[PDB]
Amino acid sequence: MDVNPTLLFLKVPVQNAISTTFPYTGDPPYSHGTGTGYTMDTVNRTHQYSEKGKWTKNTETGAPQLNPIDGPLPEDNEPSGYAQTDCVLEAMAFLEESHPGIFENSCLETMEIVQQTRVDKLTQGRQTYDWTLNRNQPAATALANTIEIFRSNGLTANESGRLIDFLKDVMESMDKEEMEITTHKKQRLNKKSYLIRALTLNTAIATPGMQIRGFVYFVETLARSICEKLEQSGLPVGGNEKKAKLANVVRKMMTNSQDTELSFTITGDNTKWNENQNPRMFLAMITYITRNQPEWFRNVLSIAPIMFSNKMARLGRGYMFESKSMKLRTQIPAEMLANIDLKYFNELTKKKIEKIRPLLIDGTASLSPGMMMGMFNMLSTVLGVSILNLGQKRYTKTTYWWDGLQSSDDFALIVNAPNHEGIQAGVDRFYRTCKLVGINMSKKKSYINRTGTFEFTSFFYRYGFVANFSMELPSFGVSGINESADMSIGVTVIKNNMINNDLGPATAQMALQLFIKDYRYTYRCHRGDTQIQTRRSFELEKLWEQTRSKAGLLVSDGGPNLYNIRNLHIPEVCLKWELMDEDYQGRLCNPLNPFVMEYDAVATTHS
Amino acid sequence: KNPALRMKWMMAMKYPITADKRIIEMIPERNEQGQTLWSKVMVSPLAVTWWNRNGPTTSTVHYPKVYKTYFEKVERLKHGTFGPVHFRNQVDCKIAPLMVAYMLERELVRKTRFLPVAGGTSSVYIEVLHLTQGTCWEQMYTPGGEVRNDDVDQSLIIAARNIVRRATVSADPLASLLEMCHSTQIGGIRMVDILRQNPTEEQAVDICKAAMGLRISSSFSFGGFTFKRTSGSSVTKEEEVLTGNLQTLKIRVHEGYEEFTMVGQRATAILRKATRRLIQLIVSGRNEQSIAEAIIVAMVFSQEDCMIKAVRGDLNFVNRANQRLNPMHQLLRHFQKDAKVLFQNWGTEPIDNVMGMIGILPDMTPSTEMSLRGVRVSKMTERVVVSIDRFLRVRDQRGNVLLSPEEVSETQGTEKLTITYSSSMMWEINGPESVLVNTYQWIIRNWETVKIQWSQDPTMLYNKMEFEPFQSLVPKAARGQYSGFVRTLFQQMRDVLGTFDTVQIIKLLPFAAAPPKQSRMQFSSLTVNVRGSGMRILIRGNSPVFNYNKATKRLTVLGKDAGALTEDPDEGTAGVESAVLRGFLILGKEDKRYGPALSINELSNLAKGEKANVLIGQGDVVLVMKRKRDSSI
Amino acid sequence: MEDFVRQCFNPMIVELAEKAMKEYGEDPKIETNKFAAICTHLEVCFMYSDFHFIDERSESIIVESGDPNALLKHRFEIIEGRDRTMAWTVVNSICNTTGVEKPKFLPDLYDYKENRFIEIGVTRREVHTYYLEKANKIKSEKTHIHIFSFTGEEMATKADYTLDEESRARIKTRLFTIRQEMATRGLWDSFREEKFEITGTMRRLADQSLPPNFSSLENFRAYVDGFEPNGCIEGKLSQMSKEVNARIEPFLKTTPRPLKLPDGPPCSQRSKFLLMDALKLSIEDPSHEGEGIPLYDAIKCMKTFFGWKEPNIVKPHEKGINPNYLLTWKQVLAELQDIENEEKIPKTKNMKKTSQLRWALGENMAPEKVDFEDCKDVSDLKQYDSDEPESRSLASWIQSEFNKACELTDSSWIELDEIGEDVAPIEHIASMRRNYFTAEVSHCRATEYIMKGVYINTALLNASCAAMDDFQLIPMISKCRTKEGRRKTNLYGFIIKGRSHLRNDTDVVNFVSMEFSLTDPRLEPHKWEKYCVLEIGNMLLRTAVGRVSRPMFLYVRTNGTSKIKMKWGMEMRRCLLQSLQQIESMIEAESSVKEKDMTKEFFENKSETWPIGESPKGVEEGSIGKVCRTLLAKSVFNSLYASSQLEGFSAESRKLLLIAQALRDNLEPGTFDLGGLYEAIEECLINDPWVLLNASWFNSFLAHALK
């Protein structure tokens with residue numbers, strides 16, 4: 001025999017054994033795509049998809065800017081960013097018409113959110129770009145540095161603590177004629193230099209600075225409030241709830257799809273999603289959502305697209321040149337790409353550098369034409385849902401009508417029609433109506449098959465059964481805080497992982513076994529019976545001898561584990577209560593210790 | 001950061017923990033073995049266990065109040081009540097406010113939750129969501145609320161249910177049930193005594209009572225509901241009927257105007273019948289599904305023509321132990337699996353306004369103008385001698401089955417008082433950590449007969465049923481290879497006159513109750529699986545699973561006690577041990593004259609009659625002599 | 001402050017209030033009044049909704065016993081405690097079911113009797129002022145506003161109190177109790193337009209960020225505010241070229257095409273330790289556990305072999321340093337001899353830093369860093385990895401590797417710990433599945449690779465952290481429990497670490513790996529491109545005719561790894577969990593379709609088989625005991641041979657696999673661009689042996705499935 005695991009699919013349907021095809025459960029030990037090359041390539045691609053736009057020069061920043069909106073209509077089945085403002089506005093007007101009051105209610109809720117949110121909410125995030133250091137630092141450090149520099153320059157409204165006051169301070173800073181940055185070094189940035197520093201993204205392959213994040217948060221809050229009311233959207237939800245939507249849509253399109261009405265599902269994927277969405281269009285739709293609203297609300301919500309459309313991008317670390325005849329390894333920083341002779345590089349990199357050189361200003365590269373991944377993730381979904389809403393059979397005025405699900409570059413479209421020509425026309429109307437708004441369907445990553453089976457953001461649906469493989473197995477190891485906290489965390493991980501990320505009972509039990517093994521091997525607390533000889537064994541042995549109710553000992557006191565599925569939500573010290581010896585209870589939980597969702601646990605001598 | 005590796009490295013170092021500066025005033029500076037506990041403050045982890053071992057005791061009676069939430073959760077779980085695991089296939093205006101409420105709730109479940117789920121939304125259920133529901137299954141689970149404080153009737157019901165559910169699968173149901181009931185005891189009191197005294201009306205308890213010949217109620221149990229007759233009387237015609245798939249069935253049809261009060265666990269009903277027709281039925285339930293199942297059972301019991309032709313599948317059902325059940329139960333189970341066809345084909349007709357009784361749901365949700373036939377939702381005792389059949393089917397003088405092992409619920413409760421199931425065939429109900437204890441206790445309590453049969457008729461002793469549960473624990477892959485090995489050893493205790501150790505027999509006997517397989521391996525430890533962990537029983541020595549204390553002459557199995565052992569007069573005294581190696585006799589202690597010790601893998605190269613030393617166990621060496629005569633079963 | 005509201009209210013309200021605080025970014029510790037107000041509002045809403053149920057056409061029920069009833073339903077639908085998206089779903093369902101204007105904001109309740117949404121409030125502020133403020137904020141008729149007060153004052157629109165007087169009295173008593181307790185604690189008395197302009201640089205950037213035609217943000221906003229759908233999509237769809245279309249190419253049984261694997265010299269071995277060509281110098285029953293000192297077992301094992309001969313190079317590296325690979329072994333032997341002569345085991349042997357180790361480790365080959373200014377003229381400078389995707393064709397050695405990795409062994413490599421009792425039936429099913437799996441995979445060579453990798457990476461990371469500037473000799477030990485119950489201590493070879501000043505977790509720590517083995521290099525010289533294979537001994541092996549002497553080889557190579565790789569290898573024990581998840585999902589799908597627990601028809605049924613092989617007879621079917629190991633070996637090899645090509649291929653071939661599944665199911669699959677999909681799949685196949693083998697498996701599948 002020659003073992004061929006793929007041949008297993010000859011017996012079990014693919015969606016049943018789909019887990020076989022996912023190689024890793026964890027972050028691989030390699031970096032897939034990053035560095036100066038993959039950033040310059042992205043810039044060049046974003047500009048290429050909009051090459052037939054209008055070129056201008058930004059008065060303040062002083063960098064070339066490409067404006068494809070209302071550009072020539074596409075002529076071939078290739079990506080194009082030439083979004084049409086009329087088409088997008090009409091689509092959003094129709095979305096409002098089909099869901100009356102959605103925009104008004106969302107705007108009111110977001111407006112209430114704006115006047116309360118504290119600046120602290122801006123530190124609960126991920127790595128952020130420090131305009132004061134040209135580096136990346138965690139959110140809290142970036143916010144603290146920005147606030148310190150703002151105070152040193154006279155801007156102090158952020159002391160109020162509201163995020164909107166911090167935004168007002170940011171806008172005032174954008175108007176100052178010179179910003180003084182004193183680091184634990186004395187430097188002064190003129191208006192243009194600071195403006196560039198605040199309109200830059202470093203290397204989701206890019207993280208926005210601190211000025212942008214404030215407005216991005218509010219824009220995405222409005223986007224989330226809009227999405228929560230759209231059944232088509234599937235971004236704001238997760239876990240079991242998402243599994244409902246899939247079924248729901250298949251039920252909507254198959255209620256009476258039996259009178260010869262052929263139904264077909266397109267499992268799709270939008271090509272170059274981030275490199276075609278135009279921040280100018282996001283402004284064009286935010287100005288529509290925030291209609292007949294207080295001018296301050298529109299002004300605050302319109303400043304994220306305005307800052308993106310002028311955004312610059314830092315290329316990256318740079319290149320590394322190796323001379324194998326001299327055994328030399330030198331590095332070229334990205335800032336020197338504007339003058340270095342184009343002979344060292346290979347042909348493809350040489351072409352990339354040549355194409356990007358005209359856009360290089362102050363070491364960055366203007367990236368007006370398109371958005372970058374990770375930002376405006378929930379506002380893009382609204383455009384997609386609006387497109388999906390244009391197949392309601394009252395907006396097509398024909399016999400074919402589509403309606404499906406979309407989650408920001410992942411969609412499934414159901415195209416009920418009365419015959420195959422109807423299906424082939426309802427797919428073309430979607431692929432064409434969806435090009436006018438700058439969304440490019442990927443023809444090499446999609447497929448259409450009769451309804452009853454498809455894939456949507458790794459939720460494989462087959463004849464009513466949904467397999468959820470979107471999220472990965474969490475690390476089932478000791479947290480590393482202390483003996484008491486680790487048991488509480490590790491067990492809770494398995495519990496809430498079973499609840500949210502569908503995890504089998506048997507695999508849950510084996511994960512618990514592996515966790516107990518790691519726990520006992522970190523803190524030397526093997527079972528009393530077990531003969532492992534560590535430095536802590538002797539004390540654990542004697543304690544085993546003198547305890548009559550050996551079952552009540554904590555797992556950290558050389559006792560027996562008692563955790564199965566039914567009791568993963570109960571803390572150890574409260575699970576093993578009736579089983580403890582009264583003297584042992586007193587000794588463990590004595591307030592005279594010389595020693596003493598997260599970590600929900602009881603305090604004992606172990607802490 | 002990677003805090004896990006940091007914590008491992010810290011725990012590696014001595015004195016990693018930071019403690020108060022008063023530790024010297026409380027804990028010593030060195031333990032009984034001289035291992036230092038603290039320095040300068042910095043304390044080794046050994047102090048954290050020294051405090052728990054020898055430290056200032058304190059009263060902790062207040063913690064259940066300080067942490068009342070956690071202990072409330074623990075108490076809710078401890079009194080839990082598990083049902084069966086259900087594997088579910090995922091396949092202006094009038095509008096009265098009550099209709100609004102139904103329509104709404106029925107609409108939310110559609111777009112709110114994916115898995116159908118029966119019911120439960122309060123936090124008492126949400127807290128155990130990781131257990132109740134999964135990808136494609138449900139784990140029906142009644143929370144451990146406060147329901148009475150019997151503490152004796154509950155334990156009796158649990159014991160009776162366990163006995164019936166274990167006997168229904170045995171070779172002879174009635175004999176096994178009588179054996180188990182005559183041996184089990186709850187709260188010290190023997191089970192038969194409480195059975196005689198208790199008046200409880202549980203299905204399993206009533207079956208057990210009928211087994212003893214005691215008198216039980218005349219009520220008729222069916223589909224989990226008790227149809228207490230209230231008026232009328234008739235005869236069973238024992239006729240035949242044909243189904244939708246054209247499968248003839250031999251049923252017992254009734255007649256006459258009969259009034260039946262259907263009591264249940266979570267619903268009640270009043271039914272009138274006359275010759276296979278539902279004249280008038282009233283219901284009063286708790287949940288929508290409770291009422292749904294109540295009417296399903298009532299209609300199945302009505303034996304109506306429309307009900308019978310409503311079948312849309314194969315009426316083939318299997319009881320545990322591969323039995324076919326009865327046609328009435330077949331229909332009930334089929335119509336419990338599927339509901340819509342039965343209800344829609346049952347027929348509908350208009351209602352007349354009556355006090356406090358809404359019309360049934362024709363489907364899904366109730367209605368106030370049209371209801372299914374003669375069914376209306378609403379609100380608001382003698383002993384007859386019986387006889388049990390072989391398949392625990394209680395019957396009356398009329399011959400109509402009253403209680404059967406299918407009426408007993410699957411509700412696996414938790415015993416309140418301590419229930420001891422003395423007898424085999426039930427040591428599996430308790431944890432697998434108890435099967436070993438009970439097996440060894442049984443082997444000891446019957447030591448004389450076991451010894452006689454071992455020395456006379458070993459094969460019948462090996463093929464004994466009392467060792468079957470033990471065979472569940474032993475790994476399947478090596479289940480047989482052990483037997484052969486052990487069997488061979490025992491033969492070498494019957495051939496080599498003078499060698500006889502009781503402890504070895506009582507230790508290795510249960511391992512020799514499987515079809516033997518021959519191999520050339522010299523086992524050092526026989527492994528057995530308990531609670532997912534593979535413990536070992538050493539062939540020569542003491543193990544946590546089996547420790548024999550010579551001083552007190554007592555056997556300890558997994559910490560618990562097994563009993564005491566006497567000494568056979570034939571017990572060998574020369575020290576020669578024969579059942580420790582496949583073809584060798586351990587002639588005594590280390591003998592440096594014969595040379596350095598040989599690993600147990602090398603002694604297989606010794607020729608007949610050769611003698612050498614071998615490392616036979618933990619830092620131990622013994623002299624072994626190869627047997628010239630080779631013995632094998 | 002922080003204690004009362006915590007204690008007097010049930011926890012659920014506490015978590016709800018904290019969730020609201022996180023929503024607004026607020027912290028419970030920083031503030032008191034907002035938390036107290038939120039908890040009070042939540043409790044008031046719940047006690048209003050928990051008032052009582054409905055009945056048949058009479059409503060206004062006042063029953064409170066605890067027995068649910070079908071015809072008795074809650075009169076008030078909770079909305080405050082419901083999730084945002086789900087709350088909007090509920091309110092939309094209300095509006096669709098019965099005609100009532102959608103409230104601008106999320107209300108608190110939906111009393112069914114009056115069919116009117118109910119918004120409730122409670123605050124110390126003057127009742128009339130609060131009611132007017134709420135009427136202004138929640139500005140809509142056909143709704144209801146109900147305002148309470150701690151002082152004992154209530155109000156509602158139209159003076160039409162919905163519920164009964166007794167329940168209102170209960171609410172007032174609860175409020176009075178709260179206020180009185182708070183006042184007795186010094187808490188009660190503690191409780192007592194927007195402008196944003198775009199000007200200057202932001203105005204000039206907003207006017208510069210519009211659609212081409214427009215000039216100023218004011219003009220753009222004026223246009224947008226006056227937009228009305230006039231059929232703009234229709235005209236532009238009419239004007240757009242007909243070539244912009246997605247024609248559905250049919251996908252038939254003949255369309256599928258075998259993938260095109262690369263062409264070139266055969267692929268070479270890439271792992272970090274010999275997988276199947278591994279030989280162990282194991283000792284039985286080392287003597288009591290306790291993680292025996294690795295360097296003591298590494299000597300007690302090498303004392304078990306007496307066939308050491310003069311090392312001889314049988315296969316050179318052919319682009320490397322052979323003599324210094326030989327001398328590193330001849331120095332390891334000497335160092336191990338010195339440990340024996342010394343008293344007590346050092347517990348860590350730092351190797352003498354000599355030219356042999358420096359060169360073998362590559363420390364003397366690494367290029368020196370130079371600033372670009374100095375090396376401008378050097379003509380050999382080129383972008384690193386300028387072009388080296390050398391394509392290498394598939395070889396059979398990887399298939400043999402997997403074949404041997406799917407086989408049983410005579411040992412027990414994974415010894416898991418215990419679990420609590422199994423009470424719930426679902427617990428019984430889970431335990432049955434887990435026990436069957438662990439029995440089928442405990443004895444297996446995939447588990448041997450898992451544990452060997454875990455041990456090696458752990459002992460390498462620990463030494464790389466502790467001793468950062470020493471060449472520390474590291475044995476490659478593993479421990480198993482033989483089928484007879486006696487523990488062993490296998491030694492596979494040695495690892496010599498190099499300088500390990502790892503600051504960022506991507507710096508490489510070059511190390512020399514020297515494995516023992518019996519597999520002659522000359523049989524597959526193309527598989528050992530990266531190794532320098534020696535001949536170190538002559539081992540006697542039990543052949544059929546007598547006992548034959550066969551050579552014992554040592555495989556030497558200068559490898560390198562970083563903290564990320566070490567951490568990814570130390571967790572290889574997750575391969576068991578991944579494989580168990582795969583098997584259990586396979587069981588769960590079948591059970592769901594079959595409406596019963598298929599845990600038995602899978603594991604205990606000697607007839608069931610799955611096609612997982614291919615022999616000259618045809619497709620070969622194994623038993624569940626072979627699937628459990630095949631999937632485990634597949635996962636272990638995904639972890640060992642992890643690469644970007646593997647991820648790309650697995651992502652891109654799953655779409656083709658699903659199209660094939662749709663075809664086999666007769667769903668009339670159709671693709672918009674299949675050539676692009678095939679090109680994407682074949683772009684990943686370059687030189688990775690594992691991905692090439694996977695592509696070959698895919699070809700074989702397609703061939704058998706669509707035939």
# chains A, B, ... in the order shown; residues from 1 in each chain; ligands from 1
>>> residues_around(residues="residue 353 (chain C)", least_positions_apart="3", cutoff="8 Å", atoms="only C-alpha atoms", output="ChimeraX atom specification")
/C:357-358,470-471
>>> select_by_dssp(residues="region 107-289 of chain B", states="strand (DSSP E or B)", output="PyMOL selection string")
chain B and resi 133+137-142+185-186+189-190+216-217+220-222+225-231+239-241+249-251+258-263+267-273+278-285
>>> closest_atom_pairs(of="chain A", to="chain B", cutoff="7 Å", atoms="only C-alpha atoms", output="CSV")
residue,atom,partner,partner_atom,distance
A:240,CA,B:114,CA,6.7
A:241,CA,B:113,CA,6.1
A:243,CA,B:114,CA,6.1
A:244,CA,B:114,CA,4.3
A:248,CA,B:111,CA,6.6
A:463,CA,B:91,CA,6.7
A:464,CA,B:91,CA,4.8
A:465,CA,B:90,CA,5.7
A:478,CA,B:4,CA,6.0
A:479,CA,B:4,CA,5.7
A:480,CA,B:4,CA,4.5
A:495,CA,B:130,CA,6.1
A:498,CA,B:130,CA,5.8
A:499,CA,B:130,CA,4.9
A:502,CA,B:135,CA,6.3
A:522,CA,B:8,CA,5.1
A:523,CA,B:11,CA,6.3
A:529,CA,B:544,CA,6.2
A:536,CA,B:46,CA,5.7
A:539,CA,B:49,CA,6.4
A:540,CA,B:49,CA,6.8
A:543,CA,B:53,CA,5.5
A:557,CA,B:49,CA,6.7
A:565,CA,B:131,CA,6.6
A:566,CA,B:131,CA,6.0
A:570,CA,B:74,CA,6.5
A:574,CA,B:71,CA,6.2
A:575,CA,B:74,CA,6.4
A:583,CA,B:57,CA,5.9
A:584,CA,B:52,CA,6.4
A:585,CA,B:60,CA,6.9
A:586,CA,B:58,CA,4.5
A:587,CA,B:57,CA,5.0
A:588,CA,B:52,CA,5.3
A:590,CA,B:58,CA,5.9
A:594,CA,B:20,CA,5.0
A:595,CA,B:19,CA,4.7
A:605,CA,B:48,CA,6.8
A:606,CA,B:48,CA,6.5
>>> write_last_selection(atoms="N, CA and C atoms", output="short mmCIF file (atom, residue, chain, number, x, y, z; two decimals), in the first residue's frame")
data_model
loop_
_atom_site.label_atom_id
_atom_site.label_comp_id
_atom_site.auth_asym_id
_atom_site.auth_seq_id
_atom_site.Cartn_x
_atom_site.Cartn_y
_atom_site.Cartn_z
N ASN A 240 -21.78 30.81 16.68
CA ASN A 240 -23.03 30.14 16.31
C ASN A 240 -23.98 31.07 15.59
N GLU A 241 -24.03 32.34 16.00
CA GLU A 241 -24.96 33.28 15.37
C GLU A 241 -24.71 33.36 13.87
N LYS A 243 -23.56 31.05 11.97
CA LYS A 243 -24.07 29.83 11.37
C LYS A 243 -25.56 29.92 11.09
N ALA A 244 -26.28 30.76 11.84
CA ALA A 244 -27.69 30.95 11.55
C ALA A 244 -27.88 31.63 10.20
N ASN A 248 -30.35 30.77 7.19
CA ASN A 248 -31.43 31.71 6.92
C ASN A 248 -31.48 32.05 5.44
N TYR A 463 -26.19 21.03 2.71
CA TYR A 463 -27.50 20.43 2.93
C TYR A 463 -27.96 20.59 4.38
N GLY A 464 -27.72 21.77 4.94
CA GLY A 464 -28.19 22.10 6.27
C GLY A 464 -27.16 21.97 7.37
N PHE A 465 -26.03 21.33 7.11
CA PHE A 465 -24.98 21.16 8.10
C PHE A 465 -23.88 22.18 7.85
N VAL A 478 -0.24 26.43 30.09
CA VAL A 478 -0.29 27.24 31.30
C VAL A 478 -0.12 28.71 30.94
N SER A 479 -0.95 29.56 31.55
CA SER A 479 -0.81 30.99 31.34
C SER A 479 0.53 31.49 31.86
N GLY A 480 0.96 31.00 33.02
CA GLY A 480 2.22 31.39 33.60
C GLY A 480 2.15 32.44 34.68
N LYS A 495 -13.56 25.90 27.91
CA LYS A 495 -15.01 26.11 27.98
C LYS A 495 -15.47 27.10 26.91
N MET A 498 -15.17 25.85 23.47
CA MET A 498 -16.23 24.94 23.08
C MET A 498 -17.50 25.70 22.73
N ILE A 499 -17.80 26.75 23.49
CA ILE A 499 -19.04 27.49 23.25
C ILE A 499 -18.98 28.23 21.92
N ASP A 502 -16.61 26.03 17.60
CA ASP A 502 -17.11 24.67 17.79
C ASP A 502 -15.96 23.69 17.99
N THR A 522 4.97 22.09 34.72
CA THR A 522 5.53 23.41 35.02
C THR A 522 5.73 23.59 36.52
N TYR A 523 4.64 23.57 37.28
CA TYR A 523 4.70 23.52 38.73
C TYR A 523 4.78 22.06 39.14
N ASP A 529 0.38 9.52 44.06
CA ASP A 529 0.74 8.15 43.72
C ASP A 529 1.91 8.12 42.74
N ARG A 536 9.91 18.99 44.72
CA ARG A 536 8.67 19.17 45.46
C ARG A 536 7.95 17.86 45.74
N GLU A 539 7.49 16.74 49.86
CA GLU A 539 6.41 17.44 50.54
C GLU A 539 5.05 17.00 50.01
N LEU A 540 4.93 16.81 48.70
CA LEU A 540 3.68 16.33 48.14
C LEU A 540 3.38 14.91 48.59
N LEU A 543 2.06 15.05 52.36
CA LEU A 543 0.69 15.56 52.35
C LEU A 543 -0.28 14.51 51.84
N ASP A 557 -1.70 20.59 44.62
CA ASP A 557 -1.22 19.98 45.85
C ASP A 557 -1.02 18.48 45.70
N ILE A 565 -16.25 17.63 31.12
CA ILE A 565 -16.98 18.66 30.39
C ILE A 565 -18.03 19.31 31.27
N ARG A 566 -18.74 18.52 32.07
CA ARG A 566 -19.89 19.04 32.80
C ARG A 566 -19.52 20.09 33.83
N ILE A 570 -16.74 25.58 36.85
CA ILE A 570 -16.66 25.63 38.31
C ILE A 570 -15.20 25.79 38.71
N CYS A 574 -13.82 25.36 44.57
CA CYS A 574 -15.23 25.18 44.84
C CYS A 574 -15.77 23.87 44.29
N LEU A 575 -15.10 23.28 43.30
CA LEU A 575 -15.44 21.93 42.86
C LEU A 575 -15.03 20.90 43.91
N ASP A 583 -9.31 20.25 58.28
CA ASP A 583 -8.01 20.83 58.60
C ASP A 583 -7.30 21.29 57.33
N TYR A 584 -7.40 20.51 56.26
CA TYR A 584 -6.80 20.93 54.99
C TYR A 584 -7.47 22.20 54.48
N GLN A 585 -8.80 22.28 54.57
CA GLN A 585 -9.49 23.50 54.18
C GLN A 585 -8.96 24.70 54.95
N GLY A 586 -8.85 24.56 56.27
CA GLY A 586 -8.35 25.66 57.08
C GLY A 586 -6.94 26.06 56.70
N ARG A 587 -6.07 25.07 56.51
CA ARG A 587 -4.68 25.37 56.18
C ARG A 587 -4.56 26.08 54.84
N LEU A 588 -5.30 25.61 53.84
CA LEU A 588 -5.17 26.17 52.49
C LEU A 588 -5.70 27.60 52.44
N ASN A 590 -6.32 29.83 54.79
CA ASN A 590 -6.10 30.60 56.01
C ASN A 590 -5.75 32.04 55.65
N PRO A 594 1.70 33.65 54.57
CA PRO A 594 2.84 34.49 54.21
C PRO A 594 3.03 34.64 52.71
N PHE A 595 2.21 33.98 51.90
CA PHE A 595 2.40 33.92 50.46
C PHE A 595 1.52 34.91 49.71
N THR A 605 -3.80 29.67 49.18
CA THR A 605 -2.39 29.83 49.51
C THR A 605 -1.50 29.83 48.27
N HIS A 606 -2.03 29.38 47.13
CA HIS A 606 -1.18 29.19 45.96
C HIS A 606 -0.82 30.52 45.30
#
>>> residues_around(residues="residue 343 (chain B)", least_positions_apart="3", cutoff="8 Å", atoms="only C-alpha atoms", output="list in words")
residues 339, 340, 346, 347, 362, 363 and 372 of chain B
>>> write_last_selection(atoms="C-alpha atoms", output="mmCIF file, in the first residue's frame")
data_model
loop_
_atom_site.group_PDB
_atom_site.id
_atom_site.type_symbol
_atom_site.label_atom_id
_atom_site.label_comp_id
_atom_site.auth_asym_id
_atom_site.auth_seq_id
_atom_site.Cartn_x
_atom_site.Cartn_y
_atom_site.Cartn_z
ATOM 1 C CA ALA B 339 -44.530 15.371 13.968
ATOM 2 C CA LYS B 340 -45.783 17.564 11.116
ATOM 3 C CA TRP B 346 -55.107 14.453 11.871
ATOM 4 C CA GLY B 347 -57.749 16.904 10.650
ATOM 5 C CA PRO B 362 -53.202 23.243 14.088
ATOM 6 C CA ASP B 363 -49.451 23.523 13.555
ATOM 7 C CA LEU B 372 -57.437 19.887 15.529
#
>>> atom_distance(atom1="CA of residue 187 (chain B)", atom2="CA of residue 417 (chain B)")
5.6 Å
>>> closest_residue(among="C:481, C:236, C:707, C:270", to="residue 690 (chain C)", atoms="only C-alpha atoms")
C:270
>>> atom_distance(atom1="CA of residue 95 (chain C)", atom2="CA of residue 101 (chain B)")
12.9 Å
>>> residues_around(residues="residue 279 (chain B)", least_positions_apart="2", cutoff="10 Å", atoms="only C-alpha atoms", output="list in words")
residues 257, 258, 271, 272, 273, 274, 275, 276, 277, 281, 302, 373, 374 and 375 of chain B
>>> closest_residue(among="C:248, C:375, C:210, C:509", to="residue 420 (chain A)", atoms="only C-alpha atoms")
C:248
>>> residues_around(residues="region 444-459 of chain A", least_positions_apart="2", cutoff="6 Å", atoms="only C-alpha atoms", output="count of residues only")
22
>>> decode(residues="region 502-517 of chain B", atoms="C-alpha atoms", output="compact mmCIF listing (two decimals), in the first residue's frame")
# COMPACT_ATOMS: atom_id res chain seq x y z
CA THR B 502 -2.02 -16.32 47.33
CA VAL B 503 -1.19 -12.66 46.71
CA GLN B 504 0.02 -13.35 43.17
CA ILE B 505 -3.14 -15.33 42.38
CA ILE B 506 -5.47 -12.63 43.69
CA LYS B 507 -3.41 -10.01 41.85
CA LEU B 508 -3.18 -11.53 38.37
CA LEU B 509 -6.36 -13.65 38.27
CA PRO B 510 -8.71 -11.14 36.56
CA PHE B 511 -6.14 -10.62 33.78
CA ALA B 512 -6.66 -14.24 32.65
CA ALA B 513 -10.33 -14.12 31.61
CA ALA B 514 -9.86 -13.47 27.88
CA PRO B 515 -9.05 -15.76 24.94
CA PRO B 516 -5.34 -16.40 25.51
CA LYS B 517 -2.71 -15.65 22.90
